[PDB]
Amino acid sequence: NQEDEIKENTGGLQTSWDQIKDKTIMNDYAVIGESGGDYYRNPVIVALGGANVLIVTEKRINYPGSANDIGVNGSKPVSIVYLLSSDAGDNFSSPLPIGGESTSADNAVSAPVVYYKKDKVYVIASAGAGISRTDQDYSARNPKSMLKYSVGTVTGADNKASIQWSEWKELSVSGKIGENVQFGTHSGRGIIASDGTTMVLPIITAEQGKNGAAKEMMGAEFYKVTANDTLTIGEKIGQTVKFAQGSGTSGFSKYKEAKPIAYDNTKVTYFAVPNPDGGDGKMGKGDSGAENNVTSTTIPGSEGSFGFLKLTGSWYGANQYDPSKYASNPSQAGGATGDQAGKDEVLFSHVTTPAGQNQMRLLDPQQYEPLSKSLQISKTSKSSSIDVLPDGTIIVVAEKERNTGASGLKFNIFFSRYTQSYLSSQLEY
């Protein structure tokens, strides 16, 4: 179950093809290791600008999470923490809780959805009950479901960045989601539309029943949210998504959490994770045009938050490019002359069985269908997240090295950095 770690003093951002051409795995190490009774889970990674990297994670305080692996459960403290690097991930600060350490159910937050374009980081989190399944019917629970958000103001992203977070505030769903709908978030990097200001908010819905009469009928609603220091929920995008009963336990839907992979200002396209209880082991693809148009893909998948990065003309793969030029014009940096166009590409990583092996893949940027090759990035995992640095190298945060002696799902949090040529050599023909 243990990984072979690489810890290097890179130069920070790379600045020339000669420096980078022979490098493959530039870093691959646990930024968070043993943590006693605390569980660090569901990480998301952000390249802030320059050599600055942000990792956001939930922290379940002295307990493993709900029985269905949700951070909040309407009674235990759960924080959302952040780590910062100013040397392209060579070194990360010790994790700090956004807004101070959680102390009760009333300030607990988990499953962060993280949005960023350039000066402000927006984190929208599950709060109160989340989509946790407990002993009570949802209608009887007192902390019911809630959404909360914090805004991180970024300073110095072109030197060595600092962030300060606003107070957690409630993001009301009144008039958007009815009572009864138990709802929450599913961890990941959030989509910002082409205008740079409209965020896509995916609200996960779930009929969970209770212990002794469990259900898991899941769905989603997508909403516009305008980037702002005060957030409010805007217009609905398309239809309410509801997944159908699977072939397993009665009341368990074939797919669980839907996560946006694209938004064209008209419809949200989503990948949905297959239910290990009644699904087909493959990621599902659908969009907000209908209540349920999801179709099976050929991508193997399971529970958890997949990583997904779309590059627009900025993938050079095995071909030479100028990493200094990449910082100012990522789509025009290729060739020995340093000014050729790259191509579109999608990078995707997810586990193939529950808490199993994490495979990275290239997907076609129009239909998101996989190429034939896949690269194992972890023996044991569940959630991961991908981004690209201003020098063109690929960064990943992922749960790895499951502690099988621990009560729930306990992992270490890994940071990894790869050259595009290495990834190409493993994923392309």
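We number the residues from 1 along the sequence you see.
Participant: Should the higher mean CA B-factor in the entry be assigned to 364-372 or to 55-63?
Facilitator: Result: 364-372.
Participant: Highest mean C-alpha temperature factor of the two stretches 292-300 and 119-127, which is it?
Facilitator: Taking the mean B-factor of the alpha carbons in each, 292-300 is higher.
Participant: Would you mind checking which of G74, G219, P330, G281 has the top Cα temperature factor in the PDB entry?
Facilitator: Most elevated C-alpha B-factor of the set, per the entry: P330.
Participant: Of the options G342, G184, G209, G152, which has the highest CA B factor as deposited?
Facilitator: In this record, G342 carries the highest C-alpha B-factor of the candidates.
Participant: Is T419 in the lowest, middle or highest third of its chain when residues are ranked by C-alpha B-factor?
Facilitator: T419: CA B-factor falls in the middle third of its chain.
Participant: Lowest, middle or highest third: where is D28 by C-alpha B factor in its chain?
Facilitator: Answer is middle: the recorded C-alpha B-factor places it there.
Participant: Relative to the other modelled residues of the same chain, rank the CA B-factor of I98 and answer lowest, middle or highest third.
Facilitator: Middle third of the chain for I98's C-alpha B-factor.
Participant: Going by the entry, which third of its chain does the Cα temperature factor of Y326 land in?
Facilitator: Its C-alpha B-factor belongs to the highest third of this chain's values.
Participant: In terms of the CA temperature factor given in the entry, to which third of its chain does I177 belong: lowest, middle or highest?
Facilitator: Within its chain, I177 is a highest-third residue by C-alpha B-factor, going by the deposited values.
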